[PDB]
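Participant: Would you mind keeping the following structure in view while I ask a few things?
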Amino acid sequence: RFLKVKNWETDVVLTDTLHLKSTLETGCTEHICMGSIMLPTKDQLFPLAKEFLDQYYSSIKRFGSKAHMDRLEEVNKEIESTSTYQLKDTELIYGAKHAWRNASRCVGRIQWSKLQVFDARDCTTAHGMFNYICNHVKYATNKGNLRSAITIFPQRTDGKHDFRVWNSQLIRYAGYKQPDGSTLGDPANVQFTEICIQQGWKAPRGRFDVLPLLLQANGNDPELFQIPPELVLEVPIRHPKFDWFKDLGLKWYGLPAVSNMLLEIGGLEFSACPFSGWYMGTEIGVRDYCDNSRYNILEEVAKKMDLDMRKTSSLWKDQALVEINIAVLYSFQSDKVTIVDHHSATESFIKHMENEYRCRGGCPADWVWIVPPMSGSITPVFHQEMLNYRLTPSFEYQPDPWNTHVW
Amino acid sequence: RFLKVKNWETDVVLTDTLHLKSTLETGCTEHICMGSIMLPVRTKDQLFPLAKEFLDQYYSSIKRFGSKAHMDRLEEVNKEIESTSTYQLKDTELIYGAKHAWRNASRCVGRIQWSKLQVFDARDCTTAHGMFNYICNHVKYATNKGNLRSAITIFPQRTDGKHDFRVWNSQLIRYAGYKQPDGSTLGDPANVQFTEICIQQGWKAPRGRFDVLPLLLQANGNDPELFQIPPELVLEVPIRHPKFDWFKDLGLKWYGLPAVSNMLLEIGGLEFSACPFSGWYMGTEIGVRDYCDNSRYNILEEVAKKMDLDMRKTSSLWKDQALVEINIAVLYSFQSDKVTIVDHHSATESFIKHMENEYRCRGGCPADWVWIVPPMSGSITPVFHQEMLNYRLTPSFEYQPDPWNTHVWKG
Ligand code: HEM
Ligand code: HEM
Ligand SMILES: N=C(Nc1cccc(COC[C@@H]2C[C@H](OCc3cccc(NC(=N)c4cccs4)c3)CN2)c1)c1cccs1
Ligand SMILES: N=C(Nc1cccc(COC[C@@H]2C[C@H](OCc3cccc(NC(=N)c4cccs4)c3)CN2)c1)c1cccs1
Ligand SMILES: C[C@H](O)[C@H](O)[C@H]1CNc2nc(N)[nH]c(=O)c2N1
Ligand SMILES: C[C@H](O)[C@H](O)[C@H]1CNc2nc(N)[nH]c(=O)c2N1
Ligand SMILES: [Zn+2]
């Protein structure tokens with residue numbers, strides 16, 4: 001019931017009790033581990049509400065005060081009456097910060113408590129949503145000195161009036177299937193790019209076309225909006241040693257901003273809650289650039305490097321992978337756009353786990369996601385045992401809206 | 001119940017039914033996943049079901065399930081259990097058992113090779129000198145002058161738990177580690193405690209950076225005894241780099257034969273506490289882990305110094321750069337001296353093919369993603385993108401406590 005995790009590099013042992021609070025389920029059983037699987041009413045809502053308010057009031061040293069009991073009373077009456085309830089601002093901010101704090105897949109959580117929360121619960125239309133989103137983009141970008149932020153749209157009611165951003169991230173590049181048979185741009189986005197075109201978007205049909213936003217307010221049909229280009233900070237990718245690197249025509253955007261997740265606070269569901277921080281270098285250079293199903297650029301880069309591509313054992317892929325990642329970091333740094341390398345990010349996360357173990361009794365962490373997709377064992381997280389479990393408030397996956405929406 | 005895994009690079013979806021045959025527990029529950037935890041005296045009582053389940057698997061594998069040979073074997077094992085409290089495996093069952101323990105090892109990326117395993121039956125062994133002789137033969141057979149062949153040697157099984165056969169070494173071939181008075185370490189820091197045990201048992205340490213450890217062998221629950229593997233049997237590879245001529249001057253070498261000697265092999269409820277097995281290296285095991293772990297030889301700094309990379313900021317990726325160079329060197333050296341090795345691209349690609357084949361013919365392949373994904377360049381190997389299901393089948397290889405922790409000294 002008290003659980004130990006060990007770091008095998010430093011022998012530091014932490015004891016986890018926080019897991020006992022865990023409410024939701026992992027996918028695993030005693031007979032099978034699902035650790036590497038990507039995705040494993042009035043009566044329901046009041047316990048969820050209570051458990052939330054309990055931790056909130058405990059967090060401000062007012063557990064079992066009249067302020068606590070009164071709020072529990074007030075939310076209880078409101079659920080009884082309206083079948084839902086409204087969060088105070090203070091609760092909303094707390095709930096959102098803790099959803100990040102509880103995100104077991106997130107290596108960047110040392111920053112969890114510095115999150116700007118934009119309350120957009122008063123929003124009613126897609127134009128409104130566009131406005132809120134542009135303000136978020138500009139605030140978070142901050143001319144390259146990025147700041148973490150979340151914007152929170154109205155909460156699900158009867159589920160026929162959902163707010164949704166259809167984009168997977170606020171800023172992403174278009175993907176186009178060609179006569180060729182090959183793919184121009186980002187193949188991850190082929191489908192969404194066709195939904196946009198099917199909606200009216202004037203596709204430039206280039207390699208790096210910023211997607212339009214497709215915003216759904218109140219369960220209505222989503223509408224297209226172009227983000228003002230002046231608000232989309234992009235970085236040309238060059239190498240501090242290879243002159244020819246720039247000839248590849250690579251660029252990426254500065255602001256990673258997830259928009260397809262569902263934020264759950266005290267039983268309430270926020271289906272539109274775009275959030276943003278900044279990139280770890282490997283996200284772009286390893287995954288965006290080198291995944292076979294992504295821009296998949298390793299062959300061209302190795303070619304330009306004149307490596308022996310005959311045998312896998314020359315480690316030409318590995319050589320090219322490193323150079324590509326050196327260049328991503330160098331470019332962002334040169335242009336003063338916030339980025340973190342995998343060494344610094346993972347070091348910070350170890351320090352964050354130590355803080356959490358001490359202050360909170362644990363830190364849910366998903367090793368499969370936390371370990372960077374290159375140089376795993378030369379980062380300290382590789383050698384760190386982690387316990388994974390689900391705490392609320394949380395960010396959750398939800399199905400892509402086009403499968404759901406009724407046109 | 002049927003369970004699906006998806007490869008996210010290829011969209012290939014596989015369906016697992018094999019997981020239904022799993023008995024042992026994982027460590028996980030519906031409320032916690034323990035997938036990254038490194039580690040999450042039998043009665044007649046528990047023994048006959050374990051024997052029966054094993055013999056049913058064995059007789060099904062040879063397409064003789066329910067035959068008279070099958071039934072007579074069950075009866076004969078049953079009788080032997082109640083009469084002697086244990087039972088002996090036939091040679092064929094032992095072979096089948098050892099191969100399947102490898103087939104079932106969810107953390108092993110090399111399982112495409114599981115059915116090519118030379119099994120040496122050492123159950124007639126009685127003394128530590130006997131064990132040394134068995135182990136020398138295994139090393140010479142497996143080494144095969146560079147052209148490595150997989151093998152396991154299997155000493156007598158546990159009886160009362162007070163007469164265990166054990167190899168004290170963690171690997172048959174491993175380098176010594178020495179803690180210096182100034183607190184630095186000479187040789188391999190991982191083997192310090194074991195090296196100290198050897199010295200105290202009477203080993204004369206050469207005290208260099210790559211001293212091959214002596215074997216410390218325990219027969220029949222007796223105090224262990226020291227033996228030196230004949231040096232002519234220990235194939236080693238000097239490490240050099242194909243382009244960097246200063247690399248040789250780092251003075252690095254490694255041994256060619258990886259041979260795990262501290263695991264327990266469980267077959268039909270029987271426990272083989274000494275079962276050294278060997279195959280060959282994937283390059284990253286040496287170039288990433290043995291050379292570049294901070295707690296191991298830790299050569300990253302010295303390598304990047306010689307490469308004159310910018311070491312002033314981690315964001316130069318000087319570590320990542322030196323890491324690739326060291327791994328090229330390891331593969332280059334082995335291939336040049338014609339000593340079997342596999343790179344992590346080739347090994348992971350073969351594993352995916354093995355895995356698909358296993359789902360097809362067997363109904364599943366238990367796999368531990370934390371361990372299967374290589375410790376460098378994770379996502380440019382196909383396994384990173386492969387969903388996997390981890391569960392425990394028997395026969396199996398299991399961890400056991402270090403014997404210096406449990407042994408009753410005779411003196
Ligand atoms: C401030 C800098 C931040 C860094 C450097 C960072 C780093 C990361 C990285 C690298 C991932 C893995 C992404 C992938 O492989 O696709 C991730 C996952 C995640 N992070 Fe962050 N993070 C940051 C801030 C945030 C913020 C502000 C939130 C929300 C408030 C957040 C919530 C998450 C969630 C929910 C996941 C998992 C997504 C999923 O399961 O698909 N992080 N983090
Ligand atoms: C034939 C060549 C083989 C290759 C290339 C290979 C590859 C590997 C590698 C790279 C590991 C991870 C080791 C580590 O990080 O410490 C491993 C684990 C393992 N393999 Fe193999 N393997 C091979 C043959 C075998 C054989 C012959 C057996 C036994 C019959 C075996 C059983 C295991 C077991 C039990 C583990 C997990 C060890 C643990 O949990 O600590 N493999 N395999
Ligand atoms: N530095 C960052 N990187 C970052 C952080 C978090 C997330 C991401 C973007 O990655 C998300 C992708 C998304 C991707 O998920 C794959 C996938 C494919 C198809 C469907 C679903 N899920 C579904 N909608 C469902 C179908 C059926 C039932 S549910 C997931 C993995 N991963 C980047 C930051 C972004 C925001 C703040 S920091
Ligand atoms: N290519 C190969 N490499 C290979 C394959 C398997 C294993 C290894 C090397 O494994 C050694 C490292 C070391 C690591 O084990 C961690 C560890 C540390 C300390 C103790 C224990 N276990 C215990 N004795 C216990 C304490 C308390 C209860 S039990 C485990 C796993 N791993 C190499 C092959 C070897 C043989 C055939 S292929
Ligand atoms: C199948 C496997 O779970 C999948 O490839 C995961 C592995 N680890 C990951 N880790 C991160 N940070 N991001 C990812 O998208 C993935 N993908
Ligand atoms: C804590 C963590 O589970 C531990 O460091 C594991 C991770 N994956 C591994 N994978 C392999 N193949 N070998 C290892 O020693 C480890 N170490
Ligand atoms: Zn699990």
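Ordering of the structure tokens sets the chain letters (A, B, ...); residue numbers start at 1 within each chain; ligands are numbered from 1 in the order shown.
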Using only C-alpha atoms and all ligand atoms, what are the residues with an atom within 8 Å of ligand 4, set out as a PyMOL selection string?
Facilitator: chain B and resi 38-39+108+110+150+170-171+257-260+262+277-282+285+399-402
Participant: Those same residues - C-alpha atoms - I'd like them written as an mmCIF file, in the first residue's frame.
Facilitator:
```
data_model
loop_
_atom_site.group_PDB
_atom_site.id
_atom_site.type_symbol
_atom_site.label_atom_id
_atom_site.label_comp_id
_atom_site.auth_asym_id
_atom_site.auth_seq_id
_atom_site.Cartn_x
_atom_site.Cartn_y
_atom_site.Cartn_z
ATOM 1 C CA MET B 38 12.733 -3.079 -12.501
ATOM 2 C CA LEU B 39 11.488 -5.931 -10.233
ATOM 3 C CA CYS B 108 14.157 -10.080 -24.842
ATOM 4 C CA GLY B 110 16.351 -11.423 -29.703
ATOM 5 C CA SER B 150 23.213 -19.601 -28.397
ATOM 6 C CA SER B 170 26.026 -12.306 -12.661
ATOM 7 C CA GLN B 171 27.629 -13.097 -16.097
ATOM 8 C CA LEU B 257 30.175 -13.550 -25.263
ATOM 9 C CA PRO B 258 27.321 -12.256 -23.090
ATOM 10 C CA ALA B 259 26.342 -15.036 -20.735
ATOM 11 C CA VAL B 260 23.782 -14.481 -17.986
ATOM 12 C CA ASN B 262 22.256 -15.384 -12.095
ATOM 13 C CA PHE B 277 22.642 -18.982 -20.943
ATOM 14 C CA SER B 278 24.385 -17.038 -23.702
ATOM 15 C CA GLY B 279 23.651 -15.565 -27.097
ATOM 16 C CA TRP B 280 25.296 -12.486 -28.623
ATOM 17 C CA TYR B 281 25.255 -8.723 -28.125
ATOM 18 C CA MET B 282 23.123 -6.025 -29.541
ATOM 19 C CA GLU B 285 24.274 -2.960 -24.676
ATOM 20 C CA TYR B 399 15.229 -13.088 -10.960
ATOM 21 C CA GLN B 400 16.550 -14.557 -7.722
ATOM 22 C CA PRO B 401 18.349 -12.978 -4.787
ATOM 23 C CA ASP B 402 22.120 -12.636 -4.958
#
```
Participant: Give me, as a tab-separated table (two decimals) with C-alpha atoms, in the first residue's frame, the residues of chain A touching chain B, with the criterion being at most 7 Å (counting only C-alpha atoms).
Facilitator:
```tsv
chain	number	residue	atom	x	y	z
A	9	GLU	CA	21.70	5.50	-11.34
A	22	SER	CA	-6.22	7.42	-7.47
A	24	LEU	CA	-9.76	6.27	-12.43
A	25	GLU	CA	-8.48	3.00	-14.03
A	26	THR	CA	-5.17	2.25	-15.86
A	27	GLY	CA	-6.07	-0.42	-18.40
A	28	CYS	CA	-3.75	-2.89	-16.60
A	29	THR	CA	-4.74	-5.93	-14.48
A	30	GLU	CA	-2.73	-8.39	-12.31
A	31	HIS	CA	-2.51	-10.60	-15.39
A	32	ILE	CA	-1.62	-8.06	-18.11
A	33	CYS	CA	0.22	-4.78	-18.37
A	34	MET	CA	-1.09	-2.24	-20.90
A	35	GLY	CA	1.58	0.35	-20.18
A	36	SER	CA	2.50	0.76	-23.89
A	37	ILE	CA	-1.07	1.02	-25.27
A	291	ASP	CA	9.01	9.60	-37.90
A	292	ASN	CA	8.45	7.52	-41.01
A	293	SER	CA	4.82	8.63	-41.13
A	312	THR	CA	22.02	-0.16	-40.95
A	313	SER	CA	25.16	-0.85	-38.84
A	314	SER	CA	26.92	2.35	-40.03
A	315	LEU	CA	24.38	4.14	-37.77
A	318	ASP	CA	21.47	7.86	-35.77
A	319	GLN	CA	24.11	10.30	-37.04
A	322	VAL	CA	21.52	13.93	-33.92
A	326	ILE	CA	21.22	20.04	-32.98
A	329	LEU	CA	17.68	23.69	-30.95
A	341	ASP	CA	16.56	20.24	-24.88
A	343	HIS	CA	18.75	16.74	-21.20
A	367	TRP	CA	7.80	6.14	-18.29
A	368	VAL	CA	6.90	5.19	-21.87
A	373	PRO	CA	12.58	9.38	-28.24
A	374	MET	CA	16.35	9.69	-28.68
A	375	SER	CA	19.32	9.01	-26.34
A	376	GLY	CA	16.96	7.44	-23.74
A	377	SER	CA	19.53	6.09	-21.28
A	378	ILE	CA	21.81	9.11	-21.26
A	385	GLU	CA	11.28	3.93	-11.73
A	386	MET	CA	7.89	5.65	-12.06
A	387	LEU	CA	4.43	4.73	-10.91
A	388	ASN	CA	1.61	5.50	-13.30
A	389	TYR	CA	-1.93	6.19	-12.10
```
Participant: If you count only C-alpha atoms, which residues fall within 8 Å of segment 65-78 of chain A, apart from same-chain ones fewer than 3 positions away, as a list in words?
Facilitator: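 The contact residues come out as residues 46, 49, 50, 53, 54, 57, 62, 81, 82, 83, 84, 85 and 86 of chain A.
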Participant: Rank nothing, just name the residue among A:379, A:7, A:168, A:183 nearest to ligand 6, using only C-alpha atoms and all ligand atoms.
Facilitator: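 Nearest candidate to ligand 6 out of A:379, A:7, A:168, A:183: A:7.
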Participant: Could you list, as a list in words, every residue within 8 Å of segment 335-338 of chain A, counting only C-alpha atoms and ignoring same-chain residues fewer than 5 positions away?
Facilitator: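 Here the answer would be residues 143, 144, 145, 146, 235, 254, 278 and 279 of chain A.
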Participant: Any chance you could export the current selection's C-alpha atoms as a PDB file, in the first residue's frame?
Facilitator:
```pdb
ATOM      1  CA  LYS A 143       7.320  37.635 -29.068  1.00  0.00           C
ATOM      2  CA  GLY A 144       9.253  34.352 -28.584  1.00  0.00           C
ATOM      3  CA  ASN A 145       9.522  34.378 -24.835  1.00  0.00           C
ATOM      4  CA  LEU A 146       6.797  31.790 -24.420  1.00  0.00           C
ATOM      5  CA  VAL A 235      11.488  29.329 -37.018  1.00  0.00           C
ATOM      6  CA  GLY A 254       7.236  28.152 -31.987  1.00  0.00           C
ATOM      7  CA  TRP A 278       6.743  25.347 -25.358  1.00  0.00           C
ATOM      8  CA  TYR A 279       8.606  22.605 -27.221  1.00  0.00           C
TER       9      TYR A 279
END
```
Participant: Tell me, as a ChimeraX atom specification, which residues lie within 12 Å of residue 57 of chain B, counting only C-alpha atoms; anything in the same chain fewer than 3 positions away does not count.
Facilitator: /B:21,50-54,60-66,70,93,96-97,100,267-268,393-395
Participant: Could you write out the selected residues, including N, CA, C and O atoms, as an mmCIF file, in the first residue's frame?
Facilitator:
```cif
data_model
loop_
_atom_site.group_PDB
_atom_site.id
_atom_site.type_symbol
_atom_site.label_atom_id
_atom_site.label_comp_id
_atom_site.auth_asym_id
_atom_site.auth_seq_id
_atom_site.Cartn_x
_atom_site.Cartn_y
_atom_site.Cartn_z
ATOM 1 N N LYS B 21 -3.628 -17.614 -21.190
ATOM 2 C CA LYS B 21 -2.903 -18.741 -20.608
ATOM 3 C C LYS B 21 -1.965 -18.274 -19.505
ATOM 4 O O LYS B 21 -1.322 -19.091 -18.852
ATOM 5 N N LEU B 50 1.364 -27.746 -11.582
ATOM 6 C CA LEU B 50 2.401 -27.090 -12.382
ATOM 7 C C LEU B 50 3.032 -28.088 -13.351
ATOM 8 O O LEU B 50 3.322 -27.747 -14.491
ATOM 9 N N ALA B 51 3.249 -29.317 -12.896
ATOM 10 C CA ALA B 51 3.794 -30.343 -13.756
ATOM 11 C C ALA B 51 2.766 -30.667 -14.874
ATOM 12 O O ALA B 51 3.098 -30.700 -16.060
ATOM 13 N N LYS B 52 1.519 -30.876 -14.483
ATOM 14 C CA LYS B 52 0.447 -31.234 -15.429
ATOM 15 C C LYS B 52 0.266 -30.211 -16.558
ATOM 16 O O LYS B 52 0.196 -30.571 -17.727
ATOM 17 N N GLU B 53 0.190 -28.942 -16.192
ATOM 18 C CA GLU B 53 0.032 -27.853 -17.149
ATOM 19 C C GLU B 53 1.215 -27.829 -18.133
ATOM 20 O O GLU B 53 1.005 -27.770 -19.344
ATOM 21 N N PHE B 54 2.442 -27.891 -17.607
ATOM 22 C CA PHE B 54 3.617 -28.072 -18.448
ATOM 23 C C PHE B 54 3.567 -29.277 -19.440
ATOM 24 O O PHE B 54 3.800 -29.092 -20.634
ATOM 25 N N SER B 60 0.874 -31.311 -26.389
ATOM 26 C CA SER B 60 0.280 -30.518 -27.476
ATOM 27 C C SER B 60 1.326 -30.040 -28.488
ATOM 28 O O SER B 60 1.100 -30.131 -29.680
ATOM 29 N N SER B 61 2.467 -29.531 -28.022
ATOM 30 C CA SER B 61 3.470 -29.069 -28.995
ATOM 31 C C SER B 61 3.936 -30.197 -29.941
ATOM 32 O O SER B 61 4.172 -29.938 -31.112
ATOM 33 N N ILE B 62 4.062 -31.426 -29.431
ATOM 34 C CA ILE B 62 4.480 -32.560 -30.262
ATOM 35 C C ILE B 62 3.295 -33.292 -30.911
ATOM 36 O O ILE B 62 3.449 -34.391 -31.459
ATOM 37 N N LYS B 63 2.114 -32.684 -30.849
ATOM 38 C CA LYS B 63 0.898 -33.274 -31.456
ATOM 39 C C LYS B 63 0.570 -34.682 -30.970
ATOM 40 O O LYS B 63 0.164 -35.579 -31.761
ATOM 41 N N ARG B 64 0.696 -34.857 -29.664
ATOM 42 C CA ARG B 64 0.406 -36.117 -29.005
ATOM 43 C C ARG B 64 -0.464 -35.927 -27.752
ATOM 44 O O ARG B 64 -0.420 -36.742 -26.838
ATOM 45 N N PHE B 65 -1.233 -34.847 -27.712
ATOM 46 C CA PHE B 65 -2.060 -34.510 -26.557
ATOM 47 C C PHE B 65 -3.135 -35.557 -26.407
ATOM 48 O O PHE B 65 -3.891 -35.817 -27.347
ATOM 49 N N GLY B 66 -3.205 -36.167 -25.229
ATOM 50 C CA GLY B 66 -4.228 -37.169 -24.982
ATOM 51 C C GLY B 66 -3.789 -38.553 -25.406
ATOM 52 O O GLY B 66 -4.484 -39.509 -25.162
ATOM 53 N N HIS B 70 1.274 -39.481 -23.538
ATOM 54 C CA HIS B 70 0.893 -38.359 -22.698
ATOM 55 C C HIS B 70 0.336 -38.806 -21.346
ATOM 56 O O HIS B 70 0.834 -38.394 -20.297
ATOM 57 N N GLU B 93 11.861 -32.895 -22.642
ATOM 58 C CA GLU B 93 11.049 -31.905 -21.916
ATOM 59 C C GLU B 93 11.935 -30.765 -21.434
ATOM 60 O O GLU B 93 11.530 -29.600 -21.410
ATOM 61 N N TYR B 96 12.666 -28.567 -24.541
ATOM 62 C CA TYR B 96 11.457 -27.841 -24.809
ATOM 63 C C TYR B 96 11.305 -26.753 -23.767
ATOM 64 O O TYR B 96 10.988 -25.624 -24.121
ATOM 65 N N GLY B 97 11.489 -27.106 -22.494
ATOM 66 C CA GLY B 97 11.312 -26.126 -21.390
ATOM 67 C C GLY B 97 12.221 -24.903 -21.491
ATOM 68 O O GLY B 97 11.782 -23.755 -21.305
ATOM 69 N N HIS B 100 11.324 -22.711 -24.381
ATOM 70 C CA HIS B 100 10.104 -21.929 -24.156
ATOM 71 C C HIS B 100 10.298 -20.800 -23.154
ATOM 72 O O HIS B 100 9.670 -19.749 -23.295
ATOM 73 N N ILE B 267 10.555 -24.602 -14.956
ATOM 74 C CA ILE B 267 9.952 -25.507 -15.906
ATOM 75 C C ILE B 267 9.083 -26.482 -15.130
ATOM 76 O O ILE B 267 9.577 -27.218 -14.275
ATOM 77 N N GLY B 268 7.792 -26.469 -15.410
ATOM 78 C CA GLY B 268 6.843 -27.403 -14.798
ATOM 79 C C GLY B 268 6.927 -27.429 -13.280
ATOM 80 O O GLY B 268 6.875 -28.505 -12.657
ATOM 81 N N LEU B 393 4.239 -15.925 -19.024
ATOM 82 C CA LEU B 393 3.974 -17.345 -19.317
ATOM 83 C C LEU B 393 5.064 -18.192 -18.681
ATOM 84 O O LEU B 393 6.179 -17.696 -18.470
ATOM 85 N N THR B 394 4.743 -19.445 -18.353
ATOM 86 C CA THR B 394 5.764 -20.429 -17.973
ATOM 87 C C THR B 394 5.881 -21.493 -19.059
ATOM 88 O O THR B 394 4.917 -21.767 -19.752
ATOM 89 N N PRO B 395 7.059 -22.100 -19.219
ATOM 90 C CA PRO B 395 8.364 -21.886 -18.542
ATOM 91 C C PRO B 395 8.879 -20.451 -18.571
ATOM 92 O O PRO B 395 8.517 -19.672 -19.443
#
```
Participant: Using only C-alpha atoms, determine which residues lie at most 9 Å from residue 184 of chain A, disregarding the query and same-chain residues fewer than 6 positions distant; provide the list as a ChimeraX atom specification.
Facilitator: /A:174-178,205-208,295
Participant: Just the selected residues (C-alpha atoms), exported as a short mmCIF file (atom, residue, chain, number, x, y, z; two decimals), in the first residue's frame, please.
Facilitator:
```cif
data_model
loop_
_atom_site.label_atom_id
_atom_site.label_comp_id
_atom_site.auth_asym_id
_atom_site.auth_seq_id
_atom_site.Cartn_x
_atom_site.Cartn_y
_atom_site.Cartn_z
CA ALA A 174 -1.42 21.02 -43.83
CA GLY A 175 -1.07 17.55 -45.41
CA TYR A 176 -2.05 16.78 -49.02
CA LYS A 177 -2.29 13.47 -50.88
CA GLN A 178 -0.73 13.80 -54.35
CA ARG A 205 -0.81 23.34 -51.34
CA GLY A 206 2.68 23.81 -49.93
CA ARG A 207 4.88 21.85 -47.57
CA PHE A 208 4.26 24.11 -44.55
CA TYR A 295 8.06 14.61 -42.61
#
```
Participant: Using only C-alpha atoms, which residues sit within 10 Å of residue 129 of chain B once same-chain residues fewer than 2 positions away are excluded, as an MDAnalysis selection string?
Facilitator: chainID B and resid 125:127 131:135 217:219 225:227
Participant: Would you list the residues that come within 6 Å of ligand 3? Count only C-alpha atoms and all ligand atoms and give the answer as a ChimeraX atom specification.
Facilitator: /A:256-258,275-280,397-400
Participant: Using only C-alpha atoms and all ligand atoms, which of A:40, A:186, A:395, A:171 sits nearest ligand 7?
Facilitator: A:40
Participant: From a backbone DSSP assignment, name each residue in segment 113-248 of chain A labelled strand (DSSP E), as a ChimeraX atom specification.
Facilitator: /A:116-119,149-152,164-165,175-177,183-185,213-216,223-225,234-236
Participant: Based on the backbone DSSP call, show me all residues of segment 151-209 of chain A assigned helix (DSSP H, G or I), as a list in words.
Facilitator: residues 187, 188, 189, 190, 191, 192, 193, 194, 195, 196, 197, 198 and 199 of chain A
Participant: Could you save the residues just selected, with C-alpha atoms, as a short mmCIF file (atom, residue, chain, number, x, y, z; two decimals), in the first residue's frame?
Facilitator:
```
data_model
loop_
_atom_site.label_atom_id
_atom_site.label_comp_id
_atom_site.auth_asym_id
_atom_site.auth_seq_id
_atom_site.Cartn_x
_atom_site.Cartn_y
_atom_site.Cartn_z
CA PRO A 187 0.77 13.33 -43.42
CA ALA A 188 -0.60 13.42 -39.81
CA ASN A 189 -3.02 16.13 -40.97
CA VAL A 190 -4.11 14.79 -44.37
CA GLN A 191 -7.65 14.09 -43.14
CA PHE A 192 -8.13 17.34 -41.25
CA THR A 193 -6.65 19.25 -44.20
CA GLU A 194 -9.32 17.66 -46.39
CA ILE A 195 -12.07 18.57 -43.90
CA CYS A 196 -10.90 22.19 -44.08
CA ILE A 197 -10.82 22.07 -47.92
CA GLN A 198 -14.23 20.35 -47.91
CA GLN A 199 -15.31 23.32 -45.80
#
```
Participant: Sort by chain and increasing residue number a table of all residues of chain A within 6 Å of ligand 6, each with its closest pair of atoms and their distance in Å to one decimal, counting only C-alpha atoms and all ligand atoms, and write it as a tab-separated table.
Facilitator:
```
residue	atom	partner	partner_atom_place_in_ligand_line	distance
A:382	CA	ligand 6	5 (O)	5.0
A:383	CA	ligand 6	5 (O)	3.5
A:384	CA	ligand 6	1 (C)	4.4
A:385	CA	ligand 6	1 (C)	3.9
```
Participant: Can you write just those residues out, N, CA and C atoms, as a PDB file, in the first residue's frame?
Facilitator:
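What landed in out37.pdb:
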```
ATOM      1  N   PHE A 382      15.404   7.701 -17.764  1.00  0.00           N
ATOM      2  CA  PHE A 382      15.528   6.303 -18.156  1.00  0.00           C
ATOM      3  C   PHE A 382      15.748   5.391 -16.942  1.00  0.00           C
ATOM      4  N   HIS A 383      16.549   5.874 -15.989  1.00  0.00           N
ATOM      5  CA  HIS A 383      16.962   5.041 -14.868  1.00  0.00           C
ATOM      6  C   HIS A 383      16.030   5.198 -13.677  1.00  0.00           C
ATOM      7  N   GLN A 384      14.983   5.991 -13.854  1.00  0.00           N
ATOM      8  CA  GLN A 384      14.041   6.328 -12.800  1.00  0.00           C
ATOM      9  C   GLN A 384      12.798   5.458 -12.869  1.00  0.00           C
ATOM     10  N   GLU A 385      12.584   4.602 -11.880  1.00  0.00           N
ATOM     11  CA  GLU A 385      11.282   3.935 -11.730  1.00  0.00           C
ATOM     12  C   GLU A 385      10.189   4.969 -11.525  1.00  0.00           C
TER      13      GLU A 385
END
```
Participant: Please write out the residues within 8 Å of ligand 1 as number ranges by chain, counting only C-alpha atoms and all ligand atoms.
Facilitator: A: 96-97, 99-101, 103-109, 111-112, 115, 147-150, 261, 275-280, 282-283, 287, 339-340, 345, 369-370, 372, 394-397
Participant: Using only C-alpha atoms and all ligand atoms, pick whichever of A:247, A:91, A:366, A:323 has the shortest atom-to-atom distance to ligand 7.
Facilitator: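 Using only C-alpha atoms and all ligand atoms, ligand 7 sits closest to A:366.
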Participant: Find the distance between atom CA of residue 268 of chain A and atom CA of residue 163 of chain A and write it in Å to one decimal.
Facilitator: 13.5 Å
Participant: What is the atom CA of residue 138 of chain B-atom CA of residue 151 of chain B distance in Å, reported with one decimal?
Facilitator: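 So the answer is 7.2 Å.
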Participant: Measuring atom to atom with only C-alpha atoms, identify which of B:99, B:191, B:249, B:308 is nearest to residue 112 of chain B.
Facilitator: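 Closest to residue 112 of chain B, using only C-alpha atoms: B:99.
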Participant: What does the distance from atom CA of residue 274 of chain B to atom CA of residue 164 of chain B come to in Å, to one decimal?
Facilitator: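 Atom-to-atom, atom CA of residue 274 of chain B to atom CA of residue 164 of chain B, that is 8.1 Å.
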Participant: Select, from A:45, A:129, A:298, A:406, the residue with the minimum atom-to-atom distance to residue 217 of chain A, counting only C-alpha atoms.
Facilitator: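 Of all the options, A:129 lies closest to residue 217 of chain A.
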